[PDB]
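J.: Right, I'll just put the structure down here and ask away after.
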Amino acid sequence: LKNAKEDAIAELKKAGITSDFXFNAXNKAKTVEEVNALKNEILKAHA
């Protein structure tokens, strides 16, 4: 958990996502499922 979430935030920052509500919702995610959900959601929006 304390790995996928960090790499998630790094992935978002590298992708070009300046979303505080993104980073917080990264930290708020407690399961890999949620992490993928948040990333996919905002990345889909960003793309």
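Letters for chains follow the order of the structure tokens (A, B, ...), residue numbers begin at 1 for each chain, and ligand numbers begin at 1 in the order shown.
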Report as a PDB file with N, CA and C atoms, in the first residue's frame all protein, DNA and RNA residues lying within 8 Å of stretch 4-21 of chain A, evaluated on only C-alpha atoms, omitting residues in the same chain fewer than 4 positions from it.

T.:
```pdb
ATOM      1  N   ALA A  25      -7.047  12.512  -2.746  1.00  0.00           N
ATOM      2  CA  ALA A  25      -7.901  11.356  -3.017  1.00  0.00           C
ATOM      3  C   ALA A  25      -7.070  10.093  -3.211  1.00  0.00           C
ATOM      4  N   UNK A  26      -6.052  10.186  -4.055  1.00  0.00           N
ATOM      5  CA  UNK A  26      -3.840   9.121  -3.718  1.00  0.00           C
ATOM      6  C   UNK A  26      -3.754   8.752  -2.239  1.00  0.00           C
ATOM      7  N   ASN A  27      -3.719   9.718  -1.327  1.00  0.00           N
ATOM      8  CA  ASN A  27      -3.526   9.424   0.098  1.00  0.00           C
ATOM      9  C   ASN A  27      -4.773   8.807   0.732  1.00  0.00           C
ATOM     10  N   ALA A  29      -7.034   6.976  -0.793  1.00  0.00           N
ATOM     11  CA  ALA A  29      -7.151   5.618  -1.309  1.00  0.00           C
ATOM     12  C   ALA A  29      -6.496   4.625  -0.351  1.00  0.00           C
ATOM     13  N   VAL A  32      -5.681  -0.876  -3.577  1.00  0.00           N
ATOM     14  CA  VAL A  32      -5.188  -0.757  -4.952  1.00  0.00           C
ATOM     15  C   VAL A  32      -6.337  -0.448  -5.917  1.00  0.00           C
ATOM     16  N   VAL A  35      -6.996   3.148  -5.814  1.00  0.00           N
ATOM     17  CA  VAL A  35      -5.877   3.824  -6.464  1.00  0.00           C
ATOM     18  C   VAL A  35      -6.053   3.811  -7.985  1.00  0.00           C
ATOM     19  N   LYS A  39      -6.743   7.153 -10.358  1.00  0.00           N
ATOM     20  CA  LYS A  39      -5.811   7.402 -11.455  1.00  0.00           C
ATOM     21  C   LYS A  39      -6.529   7.347 -12.795  1.00  0.00           C
ATOM     22  N   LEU A  43      -7.038  10.573 -15.105  1.00  0.00           N
ATOM     23  CA  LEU A  43      -6.223  10.430 -16.308  1.00  0.00           C
ATOM     24  C   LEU A  43      -7.114  10.407 -17.543  1.00  0.00           C
ATOM     25  N   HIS A  46      -8.121  13.894 -18.053  1.00  0.00           N
ATOM     26  CA  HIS A  46      -6.974  14.662 -18.538  1.00  0.00           C
ATOM     27  C   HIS A  46      -6.661  14.328 -20.000  1.00  0.00           C
TER      28      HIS A  46
END
```

J.: Step one, run DSSP on the backbone; step two, keep only residues of chain A assigned to alpha helix (DSSP H); then write them as a ChimeraX atom specification.

T.: /A:4-15,20-28,32-46

J.: Keeping only N, CA, C and O atoms, write those residues as a compact mmCIF listing (two decimals), in the first residue's frame.

T.:
```
# COMPACT_ATOMS: atom_id res chain seq x y z
N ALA A 4 2.34 1.64 -3.89
CA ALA A 4 1.48 1.86 -5.04
C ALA A 4 0.89 3.26 -5.00
O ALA A 4 0.75 3.91 -6.03
N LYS A 5 0.57 3.73 -3.80
CA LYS A 5 -0.01 5.06 -3.62
C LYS A 5 1.01 6.14 -3.97
O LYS A 5 0.69 7.12 -4.66
N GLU A 6 2.24 5.95 -3.51
CA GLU A 6 3.32 6.89 -3.80
C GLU A 6 3.61 6.92 -5.30
O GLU A 6 3.70 7.99 -5.90
N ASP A 7 3.75 5.74 -5.91
CA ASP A 7 3.99 5.65 -7.34
C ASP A 7 2.80 6.18 -8.13
O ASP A 7 2.96 6.69 -9.23
N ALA A 8 1.61 6.05 -7.55
CA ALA A 8 0.41 6.62 -8.15
C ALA A 8 0.52 8.14 -8.24
O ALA A 8 0.31 8.72 -9.30
N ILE A 9 0.88 8.76 -7.12
CA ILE A 9 1.03 10.22 -7.07
C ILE A 9 2.14 10.67 -8.02
O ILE A 9 1.99 11.66 -8.74
N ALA A 10 3.24 9.92 -8.04
CA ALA A 10 4.35 10.21 -8.94
C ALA A 10 3.91 10.10 -10.39
O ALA A 10 4.28 10.92 -11.23
N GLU A 11 3.11 9.08 -10.68
CA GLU A 11 2.59 8.86 -12.03
C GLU A 11 1.71 10.03 -12.45
O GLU A 11 1.82 10.52 -13.58
N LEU A 12 0.86 10.49 -11.54
CA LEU A 12 -0.03 11.61 -11.80
C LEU A 12 0.78 12.89 -12.05
O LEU A 12 0.52 13.63 -13.00
N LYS A 13 1.78 13.12 -11.20
CA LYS A 13 2.62 14.31 -11.31
C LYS A 13 3.41 14.28 -12.62
O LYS A 13 3.61 15.31 -13.26
N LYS A 14 3.84 13.09 -13.01
CA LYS A 14 4.56 12.91 -14.27
C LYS A 14 3.61 13.06 -15.47
O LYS A 14 4.00 13.58 -16.52
N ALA A 15 2.37 12.61 -15.30
CA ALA A 15 1.38 12.69 -16.37
C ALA A 15 0.97 14.14 -16.62
O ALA A 15 0.58 14.50 -17.74
N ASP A 20 -4.94 18.90 -6.36
CA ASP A 20 -4.83 18.71 -4.92
C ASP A 20 -5.90 17.73 -4.44
O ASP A 20 -5.62 16.83 -3.65
N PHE A 21 -7.12 17.94 -4.94
CA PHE A 21 -8.24 17.07 -4.62
C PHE A 21 -7.91 15.62 -4.97
O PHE A 21 -7.96 14.74 -4.11
N UNK A 22 -7.56 15.39 -6.22
CA UNK A 22 -5.84 13.83 -7.10
C UNK A 22 -4.88 13.37 -6.02
O UNK A 22 -4.88 12.19 -5.68
N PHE A 23 -4.06 14.26 -5.45
CA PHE A 23 -3.08 13.85 -4.44
C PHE A 23 -3.78 13.39 -3.16
O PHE A 23 -3.45 12.34 -2.60
N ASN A 24 -4.75 14.18 -2.70
CA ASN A 24 -5.46 13.85 -1.47
C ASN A 24 -6.31 12.59 -1.64
O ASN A 24 -6.28 11.71 -0.80
N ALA A 25 -7.05 12.51 -2.75
CA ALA A 25 -7.90 11.36 -3.02
C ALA A 25 -7.07 10.09 -3.21
O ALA A 25 -7.34 9.06 -2.60
N UNK A 26 -6.05 10.19 -4.05
CA UNK A 26 -3.84 9.12 -3.72
C UNK A 26 -3.75 8.75 -2.24
O UNK A 26 -3.73 7.56 -1.92
N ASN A 27 -3.72 9.72 -1.33
CA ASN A 27 -3.53 9.42 0.10
C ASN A 27 -4.77 8.81 0.73
O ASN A 27 -4.67 7.96 1.62
N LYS A 28 -5.95 9.23 0.28
CA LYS A 28 -7.21 8.75 0.85
C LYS A 28 -7.50 7.32 0.41
O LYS A 28 -8.13 6.55 1.13
N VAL A 32 -5.68 -0.88 -3.58
CA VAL A 32 -5.19 -0.76 -4.95
C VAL A 32 -6.34 -0.45 -5.92
O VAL A 32 -6.19 0.36 -6.83
N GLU A 33 -7.48 -1.09 -5.68
CA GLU A 33 -8.70 -0.82 -6.45
C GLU A 33 -9.00 0.68 -6.53
O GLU A 33 -9.17 1.23 -7.62
N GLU A 34 -9.05 1.33 -5.37
CA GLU A 34 -9.34 2.75 -5.30
C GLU A 34 -8.25 3.56 -6.00
O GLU A 34 -8.54 4.53 -6.69
N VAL A 35 -7.00 3.15 -5.81
CA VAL A 35 -5.88 3.82 -6.46
C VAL A 35 -6.05 3.81 -7.98
O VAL A 35 -5.93 4.85 -8.64
N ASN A 36 -6.38 2.64 -8.54
CA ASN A 36 -6.60 2.52 -9.97
C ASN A 36 -7.81 3.34 -10.40
O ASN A 36 -7.80 3.96 -11.46
N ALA A 37 -8.84 3.35 -9.56
CA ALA A 37 -10.05 4.12 -9.84
C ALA A 37 -9.74 5.61 -9.98
O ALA A 37 -10.10 6.23 -10.98
N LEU A 38 -9.05 6.17 -8.98
CA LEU A 38 -8.71 7.59 -8.99
C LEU A 38 -7.81 7.93 -10.18
O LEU A 38 -8.09 8.89 -10.92
N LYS A 39 -6.74 7.15 -10.36
CA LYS A 39 -5.81 7.40 -11.45
C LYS A 39 -6.53 7.35 -12.80
O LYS A 39 -6.44 8.28 -13.59
N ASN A 40 -7.27 6.27 -13.03
CA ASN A 40 -7.97 6.07 -14.29
C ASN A 40 -8.99 7.18 -14.53
O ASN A 40 -9.10 7.69 -15.63
N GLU A 41 -9.70 7.56 -13.47
CA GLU A 41 -10.71 8.61 -13.57
C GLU A 41 -10.10 9.92 -14.06
O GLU A 41 -10.48 10.45 -15.11
N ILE A 42 -9.13 10.44 -13.31
CA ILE A 42 -8.58 11.75 -13.60
C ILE A 42 -7.70 11.70 -14.86
O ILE A 42 -7.65 12.66 -15.61
N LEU A 43 -7.04 10.57 -15.11
CA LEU A 43 -6.22 10.43 -16.31
C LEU A 43 -7.11 10.41 -17.54
O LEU A 43 -6.78 10.99 -18.57
N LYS A 44 -8.25 9.74 -17.42
CA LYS A 44 -9.24 9.68 -18.49
C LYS A 44 -9.78 11.08 -18.79
O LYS A 44 -9.97 11.46 -19.94
N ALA A 45 -10.01 11.85 -17.73
CA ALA A 45 -10.44 13.23 -17.86
C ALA A 45 -9.36 14.09 -18.50
O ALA A 45 -9.63 14.91 -19.38
N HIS A 46 -8.12 13.89 -18.05
CA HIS A 46 -6.97 14.66 -18.54
C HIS A 46 -6.66 14.33 -20.00
O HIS A 46 -6.20 15.18 -20.76
```
